[PDB]
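Before any comments, here is the structure.
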Amino acid sequence: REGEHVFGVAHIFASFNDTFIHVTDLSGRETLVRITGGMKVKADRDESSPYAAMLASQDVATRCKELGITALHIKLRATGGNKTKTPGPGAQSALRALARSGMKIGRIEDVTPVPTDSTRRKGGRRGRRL
Amino acid sequence: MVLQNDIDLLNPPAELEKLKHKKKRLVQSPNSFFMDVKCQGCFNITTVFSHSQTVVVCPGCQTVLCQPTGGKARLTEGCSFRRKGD
Amino acid sequence: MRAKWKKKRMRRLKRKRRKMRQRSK
Amino acid sequence: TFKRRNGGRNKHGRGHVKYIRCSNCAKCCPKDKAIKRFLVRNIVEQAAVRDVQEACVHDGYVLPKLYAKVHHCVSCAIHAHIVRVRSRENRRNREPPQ
Amino acid sequence: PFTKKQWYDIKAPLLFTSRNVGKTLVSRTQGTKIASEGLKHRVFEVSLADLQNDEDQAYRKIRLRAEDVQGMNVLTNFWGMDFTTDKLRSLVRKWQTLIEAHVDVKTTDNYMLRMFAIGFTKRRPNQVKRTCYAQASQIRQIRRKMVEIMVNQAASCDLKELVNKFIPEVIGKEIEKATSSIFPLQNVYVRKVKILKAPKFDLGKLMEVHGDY
Amino acid sequence: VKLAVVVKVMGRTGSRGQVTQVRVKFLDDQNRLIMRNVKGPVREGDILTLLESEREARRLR
RNA sequence: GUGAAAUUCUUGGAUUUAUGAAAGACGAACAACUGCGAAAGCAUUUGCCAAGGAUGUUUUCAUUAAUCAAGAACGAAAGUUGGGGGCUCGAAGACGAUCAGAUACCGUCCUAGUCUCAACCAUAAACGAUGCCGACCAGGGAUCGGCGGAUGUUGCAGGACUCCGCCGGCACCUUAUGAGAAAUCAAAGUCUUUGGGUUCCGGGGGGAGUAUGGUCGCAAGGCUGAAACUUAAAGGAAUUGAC
Ligand SMILES: [K+]
Ligand SMILES: [Mg+2]
Ligand SMILES: [Mg+2]
Ligand SMILES: [Mg+2]
Ligand SMILES: [Mg+2]
Ligand SMILES: [Mg+2]
Ligand SMILES: [Mg+2]
Ligand SMILES: [Mg+2]
Ligand SMILES: [Mg+2]
Ligand SMILES: [Mg+2]
Ligand SMILES: [Mg+2]
C-alpha cells in the first residue's frame, strides 16, 4: 500500500559507449523498463554522456510510477570481465536523476564482473598504440 | 668504540666473547654442556647432552626426559635439570 | 638502419645463395 | 648511462616475474615495474550524496565504498600525470607525497 | 509491464524475522505459459538486513529459492548465502596474510553444499613489525583447523540449525578461537555457501518451516 | 527557471579563460549548493537565472 | 567500436536481465626494493615420491680441494614432426577508416600459433650489460630462515608480540680516508708502493658474424669462422647552448 515501498531492481550498466537503465523484478527474470543512453540521443558518440543517462533515467522514473514501483535496488556495474572495470561517465548522473526524479533508492551495490584470473585481453602485447 | 685501537686483542673483554660465534672466538670453544637430569622419583643420575639428538629414557618408567629439537633438547616440565662440568 | 632488419636481410641473402648453389650443385 | 640503480623495476633475487596489462592500453608490463595505485572512492560524490541521502529508504544505510587496484605502464602513467618527470637529485626520493 | 501479469508477493522462510519480501510478476494464464510453472523463478537476492531489521549485517546476501507457489504467495526457501563485493574488497588489505578454506560437507537431508571460510592475521597491540605475515607451514594448519571445524559443526541435523548458525557468527567465532594457538586470526567467518545438490521437493517438509498463510 | 545567487567565484576557466566557474544556491531553496559556469562578467552577491537546474560541474574546469 | 565514423549484429529479437549445463584457458585481490632454484624459471587445495639450502652439534672421515681444453645435463619465447584439444587472444589474409599515398599505427572477422602428450632446435637486452674460489678493509637500520638469552601480555611448555646477540641470504641508506675518463662503485677498494689461484675472452671503425671448408639439425638454423678492398676518425662520460 502507500508508504510501504514496492521494490524493483535497476541494473545500471554504464560502459564507456552506452548507459543501460534496466528495471526488473527481484528475480531479475522480468523487466519493467529497459532504455539505453543511445535511445535519447541522435549521435552514437553522445550515448555515454551524462545528459543522455539523465534523460533515460527521467524516462525510467516516469514509467516506474504507474505500476507502483516506489523504491529501487541499484546494482551498478561496468564492462567488467577481462575488459575495463571502472564505471562509465554516465554512471553517476543516471543515479543522481533517480534521486532527483522523486524515486526512492534502497541498497546500492557494485556488481561489475571481476575474474579471479581472466583470458587474454585484446590489443596485443605492445598494447593499443594510441 | 673508535676501533680496536682502544681494546687489546690479546686480552679482550671476558663477556664480549660470551656472545661471539664459537668458531670466531679467540680460542674455539663448545657452546654445549652435559647435565645429570633428575626425575621426580629415584634414578636421578642419568647424564644427557644439552644439544641431545636421541630421546633418552629412564630405567624406572622410561620417563621420557628430552625431545631433540633444532637446538637444546626440550626437557620436560617434570624433569629437573642440573649440570655437570669439568 | 636497425640491425635486426639488417640481420633479416642477411638471412634472406644466405637462403637465396643456398638455393642458387643447390640449383647447380 | 644507467639512469637508475634498480633499472626502473623492483627485481632482486629472482629471474622471472609474471606480467600484467595496463588498464588504459592493455600493454604487457612486468608486475614490479608497473605503476600500481589503490583508489578508494564513494560510489556517489559530494554533489550526489546530498540528493541520495533523503532518497534512501532508511537513514541507517551507510553509503557503500568502492576499491580498485589499477596498474599503468610507464607511458600511460606519465601521460596521465600519475607520475611526473622529476629532477636528477629528486629521482632518488622514494618518499610518497604526504 | 503489460495490462496482463499478476502481482504476487514472496514469503521468506519462518527462520528470519520479516517474511514480506517485495513483489513479483508472472504471465497470468496465456496458452502454455502456466503461472505455476512460470513463477519457479527459484532465486531471490536479499540483504539479510531487511529479514532481520538490523542494518549492520547489510554486508551479507541471502539467495532464496521459490519452491511452491500457493495462495498468491511463493513460499521461498534457503538456496545460498554470499557476500557483497563491498565487504570483501574492504577486508583484503596489503601487509597481511589472507587464508581461504573450503569444504564440501553434507547434511542429513542430503543437501550437498559447499562452504567457504576466509580469515586474516591480526597484529598484536604492541607490534612494531609492519607486515604481520605468517609462514605457509602455519597457514596450512589454520586451513586444516578451518576444515575440521566446518565438518564438525556440520554433519548434524537438518539445515534449519545450519542457517540458525549462519546469520550469527558461530562457525566464524569458533574457528577464530580454535586457532588462537597458532595465530590471532581476526575477521573469520563463512565467505559463501553454495548448494551443490537438493534432495527433492519432498512435498510437505517445506510447510514445516512456514507459517499459516 | 530556477533563479540562483552566485556564492563564490572559482577563477576564470576554459581555453581562452572566457567562462568563469562559480558556486550558486537557489533562492527558492537556499540550502542547495550547485556549481555552474557563466560567460561575461560576474561578481559575488549577484542573482543569475537559468533553464535547467540539474546540470552539474567540476572544480577548476 | 571510435578523437569522429564505417566495415559487423539486429523486430526471425540484436544489446541487456535471471537460472542452469558444457568446454578450454587462466590462478586477480593477498603480492612486498619478500621467498625458492645452477640458470631458464616457479603463485588455488590435498595426498604421495625423491631432492635441497641454512641453522644446531663435545657425531664421523681425514686433504678427499678450487678452477677447468676435450666431453656432458638442463636451457624463456618463437619455430619443426605427428596425436588430442581448440575458450580467449592472434603473425599471414580480407574488409572498414585516416592519409597526397597507408601492404602501418585505430575497428571488426579470422589461419598457423597460443593449451597438452611423444620427439627435434639450442638461441634472447638468456642483464647485475659485473665468471668462480679465498682473505682483508667504514658505519647504520630494516627484512627472510635457524639458533641462544631476557622479557611481560595474550578469549590461547609452546604459538602470536617486544628487546638483545650469533650464522646464513636478498637488498637498502650515509660517507670517502679508497678507486675511477666520469657516470658511479662498500665493491667496480686493498694497482707504476704494479704478483692469492684458476677458466673464458678484446686489440681503431667497416667489409662481417659475411665467403668457404668442417660439423650438429627434417628444415628454419646453430658452433667454428676469413680475405681483398675501404676509411681518419667511429666511440664512452660529463659540460654550455639550441631545439
Ligand atoms: K615501478
Ligand atoms: Mg638516454
Ligand atoms: Mg637466491
Ligand atoms: Mg630474464
Ligand atoms: Mg613465526
Ligand atoms: Mg589465487
Ligand atoms: Mg614469500
Ligand atoms: Mg666445453
Ligand atoms: Mg649470445
Ligand atoms: Mg630472525
Ligand atoms: Mg678491429
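Following the order of the C-alpha cells, first chain is A, next is B, and so on, with residues numbered from 1 inside each chain and ligands from 1 in the order they appear.
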Next item on the list: Within 9 Å of ligand 8, which residues show up when you count only C-alpha atoms (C1' of nucleotides) and all ligand atoms? List them as a PyMOL selection string, please.
Entry: chain G and resi 69-72
Produce a file of the selected residues containing C-alpha atoms (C1' of nucleotides), as a PDB file, in the first residue's frame.
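Listing of selection18.pdb after writing:
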ATOM      1  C1'   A G  69      90.689 -27.985 -23.008  1.00  0.00           C
ATOM      2  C1'   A G  70      88.110 -32.464 -24.540  1.00  0.00           C
ATOM      3  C1'   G G  71      83.239 -34.461 -23.186  1.00  0.00           C
ATOM      4  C1'   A G  72      78.082 -33.969 -20.955  1.00  0.00           C
TER       5        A G  72
END
Next item on the list: List all protein, DNA and RNA residues that have any atom at most 9 Å from ligand 2, counting only C-alpha atoms (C1' of nucleotides) and all ligand atoms, and write the list as a list in words.
Entry: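 My answer, listing the contacting residues, is residues 1, 2 and 3 of chain D.
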Written selection (N, CA and C atoms) as a CSV table (one decimal), in the first residue's frame:
chain,number,residue,atom,x,y,z
D,1,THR,N,74.9,4.7,-20.1
D,1,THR,CA,74.5,5.6,-19.0
D,1,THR,C,73.3,5.0,-18.3
D,2,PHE,N,73.5,4.6,-17.0
D,2,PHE,CA,72.4,3.9,-16.2
D,2,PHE,C,71.7,4.9,-15.4
D,3,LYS,N,70.4,5.2,-15.8
D,3,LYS,CA,69.6,6.2,-15.2
D,3,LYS,C,69.2,5.9,-13.8
Next item on the list: Find the residues in chain D near chain G: any atom within 8 Å counts, using only C-alpha atoms (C1' of nucleotides). Write them as a list in words.
Entry: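 Residues satisfying the distance criterion: residues 1, 2, 10, 11, 12, 13, 15 and 16 of chain D.
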Note to self: Excluding residue 185 in chain E and its own-chain neighbours fewer than 4 positions away, which residues fall within 9 Å of it when counting only C-alpha atoms (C1' of nucleotides)? Please give them as number ranges by chain.
What the structure shows: E: 119-122, 142, 175-177, 179-180
Notebook entry, point to check: Within 12 Å of ligand 6, counting only C-alpha atoms (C1' of nucleotides) and all ligand atoms: which residues, as a count of residues only?
Noted result: 16
Note to self: Just want the residues within 10 Å of ligand 5, written as a PyMOL selection string, counting only C-alpha atoms (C1' of nucleotides) and all ligand atoms.
What the structure shows: (chain E and resi 132-135+137-138+182-183) or (chain G and resi 159-160)
Using N, CA, C and O atoms (P, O5', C5', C4', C3', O3' and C1' of nucleotides), can you write the selected residues to a file as a PDB file, in the first residue's frame?
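Written file, selection-v9.pdb:
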ATOM      1  N   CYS E 132      53.100  -8.306   9.623  1.00  0.00           N
ATOM      2  CA  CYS E 132      52.200  -9.272  10.253  1.00  0.00           C
ATOM      3  C   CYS E 132      51.832 -10.392   9.275  1.00  0.00           C
ATOM      4  O   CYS E 132      50.677 -10.566   8.885  1.00  0.00           O
ATOM      5  N   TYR E 133      52.850 -11.143   8.869  1.00  0.00           N
ATOM      6  CA  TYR E 133      52.680 -12.263   7.960  1.00  0.00           C
ATOM      7  C   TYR E 133      52.618 -13.570   8.742  1.00  0.00           C
ATOM      8  O   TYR E 133      52.686 -13.598   9.972  1.00  0.00           O
ATOM      9  N   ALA E 134      52.491 -14.670   8.009  1.00  0.00           N
ATOM     10  CA  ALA E 134      52.519 -15.999   8.592  1.00  0.00           C
ATOM     11  C   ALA E 134      53.286 -16.928   7.665  1.00  0.00           C
ATOM     12  O   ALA E 134      53.355 -16.703   6.454  1.00  0.00           O
ATOM     13  N   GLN E 135      53.867 -17.971   8.246  1.00  0.00           N
ATOM     14  CA  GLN E 135      54.569 -18.971   7.462  1.00  0.00           C
ATOM     15  C   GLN E 135      53.579 -19.975   6.888  1.00  0.00           C
ATOM     16  O   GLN E 135      52.575 -20.315   7.518  1.00  0.00           O
ATOM     17  N   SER E 137      53.701 -23.062   6.579  1.00  0.00           N
ATOM     18  CA  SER E 137      53.522 -24.192   7.477  1.00  0.00           C
ATOM     19  C   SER E 137      52.544 -23.894   8.601  1.00  0.00           C
ATOM     20  O   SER E 137      52.088 -24.829   9.263  1.00  0.00           O
ATOM     21  N   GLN E 138      52.224 -22.624   8.839  1.00  0.00           N
ATOM     22  CA  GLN E 138      51.201 -22.233   9.798  1.00  0.00           C
ATOM     23  C   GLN E 138      49.844 -22.019   9.148  1.00  0.00           C
ATOM     24  O   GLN E 138      48.820 -22.417   9.714  1.00  0.00           O
ATOM     25  N   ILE E 182      47.691 -20.775  17.148  1.00  0.00           N
ATOM     26  CA  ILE E 182      48.592 -20.611  16.014  1.00  0.00           C
ATOM     27  C   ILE E 182      48.771 -19.127  15.718  1.00  0.00           C
ATOM     28  O   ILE E 182      49.875 -18.589  15.852  1.00  0.00           O
ATOM     29  N   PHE E 183      47.693 -18.457  15.335  1.00  0.00           N
ATOM     30  CA  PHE E 183      47.687 -17.030  15.058  1.00  0.00           C
ATOM     31  C   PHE E 183      46.421 -16.405  15.617  1.00  0.00           C
ATOM     32  O   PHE E 183      45.429 -17.102  15.854  1.00  0.00           O
TER      33      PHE E 183
ATOM     34  P     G G 159      57.679 -21.593  20.155  1.00  0.00           P
ATOM     35  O5'   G G 159      56.306 -21.046  19.565  1.00  0.00           O
ATOM     36  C5'   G G 159      55.708 -21.668  18.439  1.00  0.00           C
ATOM     37  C4'   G G 159      54.346 -21.095  18.139  1.00  0.00           C
ATOM     38  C3'   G G 159      54.275 -19.590  17.949  1.00  0.00           C
ATOM     39  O3'   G G 159      54.679 -19.185  16.653  1.00  0.00           O
ATOM     40  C1'   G G 159      52.495 -20.313  19.336  1.00  0.00           C
ATOM     41  P     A G 160      55.443 -17.788  16.442  1.00  0.00           P
ATOM     42  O5'   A G 160      54.338 -16.691  16.770  1.00  0.00           O
ATOM     43  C5'   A G 160      53.175 -16.556  15.966  1.00  0.00           C
ATOM     44  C4'   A G 160      52.329 -15.395  16.422  1.00  0.00           C
ATOM     45  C3'   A G 160      53.098 -14.152  16.830  1.00  0.00           C
ATOM     46  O3'   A G 160      53.476 -13.358  15.721  1.00  0.00           O
ATOM     47  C1'   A G 160      51.490 -14.654  18.483  1.00  0.00           C
TER      48        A G 160
END
Note to self: I need the contact residues of chain D against chain A, so if you could list those with any atom within 7 Å, counting only C-alpha atoms, and return them as an MDAnalysis selection string, that would help.
What the structure shows: chainID D and resid 23 25:28 44 48 51:52 55:57 64
Those residues you just picked out, can you put them in a file as a short mmCIF file (atom, residue, chain, number, x, y, z; two decimals), in the first residue's frame with N, CA, C and O atoms?
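Once everything was written out, this is again_26.cif:
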data_model
loop_
_atom_site.label_atom_id
_atom_site.label_comp_id
_atom_site.auth_asym_id
_atom_site.auth_seq_id
_atom_site.Cartn_x
_atom_site.Cartn_y
_atom_site.Cartn_z
N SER D 23 45.88 -0.80 -17.58
CA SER D 23 44.43 -0.63 -17.58
C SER D 23 43.95 0.33 -18.66
O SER D 23 42.74 0.41 -18.89
N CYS D 25 45.90 0.93 -22.00
CA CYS D 25 46.26 0.47 -23.33
C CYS D 25 46.38 -1.04 -23.45
O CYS D 25 46.55 -1.54 -24.57
N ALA D 26 46.28 -1.78 -22.35
CA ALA D 26 46.43 -3.24 -22.35
C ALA D 26 47.79 -3.65 -22.91
O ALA D 26 47.88 -4.48 -23.82
N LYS D 27 48.85 -3.07 -22.36
CA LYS D 27 50.21 -3.38 -22.75
C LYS D 27 50.86 -4.20 -21.64
O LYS D 27 50.74 -3.86 -20.46
N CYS D 28 51.53 -5.28 -22.02
CA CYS D 28 52.12 -6.19 -21.04
C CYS D 28 53.32 -5.52 -20.37
O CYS D 28 54.28 -5.14 -21.04
N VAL D 44 28.88 7.52 -5.11
CA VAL D 44 28.32 8.82 -5.48
C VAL D 44 29.11 9.90 -4.76
O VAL D 44 29.47 9.74 -3.59
N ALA D 48 26.31 14.42 -5.26
CA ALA D 48 25.28 13.39 -5.35
C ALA D 48 24.84 12.86 -3.99
O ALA D 48 23.68 12.44 -3.85
N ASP D 51 21.64 14.44 -2.52
CA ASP D 51 20.39 14.05 -3.15
C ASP D 51 20.07 12.58 -2.93
O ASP D 51 18.89 12.20 -2.98
N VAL D 52 21.07 11.74 -2.68
CA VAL D 52 20.80 10.33 -2.41
C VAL D 52 20.49 10.07 -0.93
O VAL D 52 19.88 9.04 -0.61
N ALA D 55 16.73 10.39 -0.52
CA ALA D 55 16.13 9.39 -1.39
C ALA D 55 16.27 7.98 -0.83
O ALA D 55 15.52 7.08 -1.24
N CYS D 56 17.20 7.76 0.09
CA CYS D 56 17.36 6.44 0.70
C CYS D 56 16.15 6.10 1.55
O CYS D 56 15.57 6.97 2.21
N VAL D 57 15.77 4.82 1.54
CA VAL D 57 14.55 4.41 2.23
C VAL D 57 14.70 4.56 3.74
O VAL D 57 13.81 5.08 4.42
N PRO D 64 27.96 3.00 0.26
CA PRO D 64 28.97 1.97 0.01
C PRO D 64 30.20 2.54 -0.68
O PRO D 64 30.13 3.49 -1.47
#
Next item on the list: For residue 47 in chain D, please output as a ChimeraX atom specification all residues within 9 Å (counting only C-alpha atoms (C1' of nucleotides); exclusion window: fewer than 6 positions along the same chain).
Entry: /A:96 /F:33-35,56
Generate a file of the selected residues that holds C-alpha atoms, formatted as an mmCIF file, in the first residue's frame.
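Wrote it out as out36.cif, contents follow:
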data_model
loop_
_atom_site.group_PDB
_atom_site.id
_atom_site.type_symbol
_atom_site.label_atom_id
_atom_site.label_comp_id
_atom_site.auth_asym_id
_atom_site.auth_seq_id
_atom_site.Cartn_x
_atom_site.Cartn_y
_atom_site.Cartn_z
ATOM 1 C CA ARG A 96 21.534 11.223 -9.496
ATOM 2 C CA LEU F 33 24.563 24.406 -3.434
ATOM 3 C CA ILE F 34 25.440 23.715 -7.081
ATOM 4 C CA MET F 35 28.401 24.501 -9.333
ATOM 5 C CA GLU F 56 26.448 19.680 -12.542
#
Next item on the list: Dump as a PyMOL selection string the residues of chain A that approach chain G to within 12 Å, counting only C-alpha atoms (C1' of nucleotides).
Entry: chain A and resi 9-14+16-36+38+43-46+75+81-82+113-130
Go ahead and dump the residues you just picked, N, CA and C atoms, as a compact mmCIF listing (two decimals), in the first residue's frame.
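Result saved to result01.txt:
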# COMPACT_ATOMS: atom_id res chain seq x y z
N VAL A 9 14.51 -3.51 -9.15
CA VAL A 9 15.96 -3.59 -9.23
C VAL A 9 16.42 -2.92 -10.51
N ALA A 10 17.26 -1.89 -10.38
CA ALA A 10 17.79 -1.16 -11.52
C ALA A 10 19.19 -1.68 -11.82
N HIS A 11 19.34 -2.36 -12.95
CA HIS A 11 20.64 -2.88 -13.36
C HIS A 11 21.31 -1.85 -14.26
N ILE A 12 21.84 -0.81 -13.63
CA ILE A 12 22.58 0.20 -14.37
C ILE A 12 23.87 -0.42 -14.89
N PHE A 13 24.07 -0.35 -16.20
CA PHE A 13 25.26 -0.89 -16.86
C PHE A 13 25.89 0.25 -17.64
N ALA A 14 26.87 0.90 -17.04
CA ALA A 14 27.49 2.10 -17.59
C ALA A 14 28.86 1.74 -18.14
N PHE A 16 31.77 2.72 -21.41
CA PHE A 16 32.29 3.95 -21.97
C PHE A 16 31.60 4.34 -23.27
N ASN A 17 30.70 3.51 -23.78
CA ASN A 17 29.97 3.79 -25.00
C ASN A 17 28.49 4.04 -24.78
N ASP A 18 27.85 3.29 -23.88
CA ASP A 18 26.43 3.46 -23.60
C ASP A 18 26.15 3.55 -22.11
N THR A 19 24.86 3.55 -21.76
CA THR A 19 24.43 3.52 -20.37
C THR A 19 23.05 2.89 -20.36
N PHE A 20 22.94 1.69 -19.81
CA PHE A 20 21.70 0.93 -19.78
C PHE A 20 21.04 1.15 -18.43
N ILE A 21 19.78 1.57 -18.44
CA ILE A 21 18.96 1.55 -17.23
C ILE A 21 17.88 0.50 -17.46
N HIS A 22 17.93 -0.56 -16.67
CA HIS A 22 17.10 -1.74 -16.85
C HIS A 22 16.49 -2.07 -15.50
N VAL A 23 15.18 -1.91 -15.37
CA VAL A 23 14.47 -2.17 -14.13
C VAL A 23 13.77 -3.51 -14.26
N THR A 24 14.05 -4.41 -13.32
CA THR A 24 13.50 -5.76 -13.35
C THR A 24 12.86 -6.08 -12.00
N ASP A 25 12.25 -7.25 -11.94
CA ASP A 25 11.75 -7.82 -10.70
C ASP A 25 12.93 -8.23 -9.81
N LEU A 26 12.63 -8.54 -8.55
CA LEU A 26 13.66 -9.01 -7.63
C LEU A 26 14.38 -10.23 -8.18
N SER A 27 13.66 -11.10 -8.89
CA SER A 27 14.30 -12.26 -9.50
C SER A 27 15.26 -11.84 -10.61
N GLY A 28 14.95 -10.75 -11.32
CA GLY A 28 15.70 -10.35 -12.48
C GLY A 28 15.24 -10.99 -13.77
N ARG A 29 14.31 -11.94 -13.71
CA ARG A 29 13.79 -12.59 -14.90
C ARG A 29 12.69 -11.79 -15.58
N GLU A 30 12.16 -10.77 -14.91
CA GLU A 30 11.17 -9.88 -15.51
C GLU A 30 11.88 -8.64 -16.06
N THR A 31 11.09 -7.66 -16.49
CA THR A 31 11.64 -6.40 -16.99
C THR A 31 10.55 -5.35 -16.96
N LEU A 32 10.81 -4.23 -16.29
CA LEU A 32 9.84 -3.15 -16.21
C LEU A 32 10.07 -2.13 -17.32
N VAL A 33 11.26 -1.54 -17.37
CA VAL A 33 11.65 -0.63 -18.44
C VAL A 33 13.15 -0.78 -18.67
N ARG A 34 13.54 -0.95 -19.93
CA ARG A 34 14.95 -1.05 -20.30
C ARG A 34 15.22 -0.02 -21.40
N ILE A 35 15.89 1.07 -21.04
CA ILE A 35 16.24 2.10 -22.00
C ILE A 35 17.71 2.43 -21.86
N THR A 36 18.39 2.56 -22.99
CA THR A 36 19.81 2.89 -23.01
C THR A 36 20.00 4.39 -23.25
N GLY A 38 21.62 5.54 -25.70
CA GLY A 38 21.56 5.74 -27.14
C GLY A 38 20.18 5.98 -27.70
N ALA A 43 23.21 10.99 -31.90
CA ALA A 43 24.57 10.70 -32.32
C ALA A 43 25.11 9.57 -31.46
N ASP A 44 25.67 8.54 -32.11
CA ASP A 44 26.14 7.38 -31.36
C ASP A 44 27.44 7.65 -30.60
N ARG A 45 27.95 8.88 -30.57
CA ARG A 45 29.05 9.22 -29.68
C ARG A 45 28.57 9.71 -28.33
N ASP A 46 27.45 10.44 -28.30
CA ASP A 46 26.93 11.04 -27.08
C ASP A 46 26.13 10.06 -26.22
N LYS A 75 21.98 -1.83 -8.79
CA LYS A 75 23.10 -2.74 -8.98
C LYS A 75 23.95 -2.17 -10.11
N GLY A 81 34.60 -8.25 -16.52
CA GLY A 81 35.30 -9.34 -17.18
C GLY A 81 36.77 -9.03 -17.33
N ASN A 82 37.31 -9.34 -18.50
CA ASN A 82 38.70 -9.06 -18.80
C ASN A 82 38.94 -7.63 -19.29
N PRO A 113 31.47 -7.57 -13.10
CA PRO A 113 32.01 -8.94 -13.11
C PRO A 113 33.53 -8.97 -13.09
N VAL A 114 34.10 -9.33 -11.95
CA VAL A 114 35.55 -9.41 -11.81
C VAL A 114 35.98 -10.86 -11.96
N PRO A 115 37.00 -11.14 -12.76
CA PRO A 115 37.52 -12.51 -12.83
C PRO A 115 38.61 -12.74 -11.80
N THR A 116 38.68 -13.95 -11.25
CA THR A 116 39.83 -14.29 -10.42
C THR A 116 41.10 -14.36 -11.26
N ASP A 117 40.97 -14.73 -12.53
CA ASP A 117 42.07 -14.64 -13.48
C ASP A 117 41.52 -14.88 -14.88
N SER A 118 41.59 -13.86 -15.72
CA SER A 118 40.81 -13.82 -16.95
C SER A 118 41.57 -14.41 -18.13
N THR A 119 40.90 -14.43 -19.27
CA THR A 119 41.52 -14.76 -20.54
C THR A 119 42.38 -13.59 -21.01
N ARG A 120 43.02 -13.77 -22.16
CA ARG A 120 43.92 -12.74 -22.66
C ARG A 120 43.13 -11.52 -23.13
N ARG A 121 43.55 -10.34 -22.69
CA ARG A 121 42.94 -9.10 -23.13
C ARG A 121 43.39 -8.78 -24.55
N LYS A 122 42.50 -8.16 -25.32
CA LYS A 122 42.81 -7.83 -26.70
C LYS A 122 43.76 -6.64 -26.77
N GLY A 123 44.33 -6.44 -27.96
CA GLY A 123 45.22 -5.33 -28.22
C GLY A 123 46.66 -5.73 -28.49
N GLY A 124 47.06 -6.93 -28.11
CA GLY A 124 48.41 -7.39 -28.31
C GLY A 124 49.32 -7.09 -27.12
N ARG A 125 50.55 -7.59 -27.22
CA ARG A 125 51.49 -7.46 -26.12
C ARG A 125 51.96 -6.02 -25.96
N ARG A 126 52.11 -5.29 -27.06
CA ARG A 126 52.53 -3.90 -27.00
C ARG A 126 51.39 -2.95 -26.65
N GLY A 127 50.16 -3.44 -26.60
CA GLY A 127 49.03 -2.61 -26.25
C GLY A 127 48.53 -1.77 -27.41
N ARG A 128 47.40 -1.11 -27.18
CA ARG A 128 46.78 -0.25 -28.18
C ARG A 128 47.61 1.02 -28.30
N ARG A 129 48.42 1.11 -29.35
CA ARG A 129 49.31 2.25 -29.56
C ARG A 129 48.48 3.44 -30.02
N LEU A 130 48.10 4.29 -29.07
CA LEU A 130 47.27 5.46 -29.33
C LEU A 130 45.95 5.07 -29.99
